[PDB]
Structures are given as structure tokens and as C-alpha cells.
Amino acid sequence: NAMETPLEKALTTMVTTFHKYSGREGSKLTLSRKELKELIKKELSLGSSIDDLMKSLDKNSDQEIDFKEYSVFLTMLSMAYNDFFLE
Amino acid sequence: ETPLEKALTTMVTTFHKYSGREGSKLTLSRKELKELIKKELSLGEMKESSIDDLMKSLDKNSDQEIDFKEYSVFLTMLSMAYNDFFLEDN
Ligand SMILES: [Ca+2]
Ligand SMILES: [Ca+2]
Ligand SMILES: [Ca+2]
Ligand SMILES: [Ca+2]
Ligand SMILES: [Ca+2]
Ligand SMILES: [Ca+2]
Ligand SMILES: [Ca+2]
């Protein structure tokens, strides 16, 4: 939909990126650690601290990252750039 | 460079496009929040009553400014809304 604003397209990409990787194993509604790392490896530039990331994110302790837990991860990455924003 | 990386960059630069217009360059006034919503989201014009309520819900420290952390709660409302749409659609 070309008529979506730049922000709308961004938010859409955040949502589709989750579901692109959550449907590889297990529930398609959640990311396993394997699935998380594969989104991290392929979609981000972050190349034992995953499993620590995994734990910080898994607020319900169910071993899986759902959409609300992934949104917190995205905000972490956003804030890291916002902290040092130079106009 | 990835779509997801450009998306997160957009979250930041959009905030700053409007937060730097007046007052603190790092926070959105009520004016700046209303202008962000008007321009950067499609249709659905927000009434003054609606801006008030969203302002008061986001402004957890009552300084009448929306900082990036408070603004991140709004982005999540929008993501969550589209997630529900994507789930139904798929
Ligand atoms: Ca899965
Ligand atoms: Ca979980
Ligand atoms: Ca979380
Ligand atoms: Ca401002
Ligand atoms: Ca926009
Ligand atoms: Ca505030
Ligand atoms: Ca907050």
C-alpha cells in the first residue's frame, strides 16, 4: 500500500519481520531462541549474550518471545540510536 | 540497511522531526504530538478531547512533554493494532 506514511510502513515492517521468523518452528506466534537469533543474524547488525537477551525479554518465563516481548526488544534498539541522535 | 533497520531509524527521526520545533528539542509538546499524529498517520483526525486524553496517558511524569520513552508506548499501541490486523489477515 503505497499510500501508507513512512511511519506506517515502518511499523508494518516491524510486525511482518516478527512473523517471518516466528513461524519456522514451534508456535508461529512466538520466537524460540533459535528463531530470535536468526532474525537478529539476518535483519540486524549485531555481529552467551543472546541467552541473556533472551531472558530479559521473556517476562512470562515461557521460553518463547511473543509479539509484546519482541516490541520491547525493538524499543531497546531504537533507544540506543535515540540516545545519541545527532541532527 | 535492512528494512527492519530502516524502520527503527524511522521511529527515531520521525520523533525528532517534531520534537525539535519548540521547547526542549528532545520532547514533544502537546502541539508537537498533535502535529506528528496529523501528518505522519493516515486520516482519523484526532479531536482536542482525544489529544488531551492521550497526552495525559503518555505523560507519566506530568511535565506536559512526551519524551522518547513515553512516545514509545504510543508506537507500541500502533504496532499492537497492526499486529492484530495481520493476525486476522493471516
Ligand atoms: Ca516459532
Ligand atoms: Ca515469553
Ligand atoms: Ca520483553
Ligand atoms: Ca519540543
Ligand atoms: Ca509518517
Ligand atoms: Ca513527560
Ligand atoms: Ca512511559
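Quick note: the coordinates plus some simple rules give every number you see, no bench work behind them. FYI the Cβ positions are ideal-geometry reconstructions off the backbone, even for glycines, and counts take in every protein chain you see.
Per-structure values
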| item | result |
| --- | --- |
| Within the range A:17-35, tally of residues that are more than 15 Å from A:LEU77 (Cβ to Cβ), of a type in the set (S, T, N, Q) and either away from chain B (no Cβ under 13 Å) or more than 7 Å from ligand 1 (Cβ to nearest atom) (or both) | 1 |
| Residue satisfying condition, being assigned to a helix (DSSP H, G or I), within 13 Å of chain B (Cβ to nearest Cβ) and more than 12 Å from the chain's Cα centre (by Cα), within set A:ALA10, A:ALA2 | A:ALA10 |
| Output for the range B:77-90, where each listed residue is assigned to a helix (DSSP H, G or I) and either loosely packed, with under 11 Cβ neighbours inside 10 Å or among the charged types (D, E, K, R) (or both) | B:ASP84, B:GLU88, B:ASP89 |
| The range B:61-76 - residue that is part of a helix (DSSP H, G or I) and polar (S, T, N, Q) and, of those, farthest from A:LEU11 (Cα to Cα) | B:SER72 |
| Members of the range B:39-57 that are within 14 Å of another protein chain (Cβ to nearest Cβ), surrounded by 15 or more Cβ atoms within 10 Å (Cβ to Cβ) and in a helix (DSSP H, G or I) | B:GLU40 |
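Listed here are the residues, each with its yes/no results for (1) closer than 19 Å to A:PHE85 by Cα; (2) within 13 Å of chain A (Cβ to nearest Cβ).
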| position | (1), (2) |
| --- | --- |
| B:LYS6 | yes, yes |
| B:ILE37 | no, yes |
| B:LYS60 | no, no |
| B:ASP63 | no, no |
| B:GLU70 | yes, yes |
